């Protein structure tokens, strides 16, 4: 691995956004791991969009708590509606998140990349591990907007897979 690809835990296109994203992540994920995910209903735009993707059982393999949700546009000799399993409206989005099992995200695992930071909009990507209270690796991207003197998720795309086993052991201790 070169020094142009050696992993850094986080990158910020604008350092000013760091505290904003920090405040956002803390509140969001505490609520998310609270089990009482309905409160995230205020975190999502009324016309927000959210979808969840994962690799197949031959590839991943087994994510049966999550396969209900998989929206994967890549098809090979299999056409479903493009609107299938895409959630429109804060109600569907937070409901979908509420249908998850209980989770324990390890912020020590997180990577955070803020790639767009302006008055109108923020785009940041978070990857990490969470325990299914089995360990899953996640990568979520948030497109967040200002709304009534506060932040608001307009678009969220979620990827989920199984973690490597040595991670599972390092997390086990």
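Positions refer to the first chain, counted from 1.
The modelled chain breaks after residue 133 and resumes at residue 134, leaving 10 or more residues of the deposited sequence without coordinates.
Unmodelled residues of the deposited sequence between neighbouring positions residue 78 and residue 79 number 1 to 3.
On average the C-alpha atoms of 55-63 have higher B-factors than those of the other stretch, with 55-63 and 114-122 being the two compared. Judged by mean Cα B factor in the deposited record, 148-156 ranks above the other of 148-156 and 10-18. Among the modelled residues of its chain, residue 72 has a C-alpha B-factor that falls in the lowest third, as given in the PDB entry. Among the modelled residues of the chain, residue 30 sits in the highest third by CA temperature factor in this PDB entry.
When the modelled residues of the chain are ordered by their C-alpha B factor, residue 83 lands in the highest third.
In this PDB entry, the Cα temperature factor of residue 108 sits in the middle third of its chain's modelled residues.
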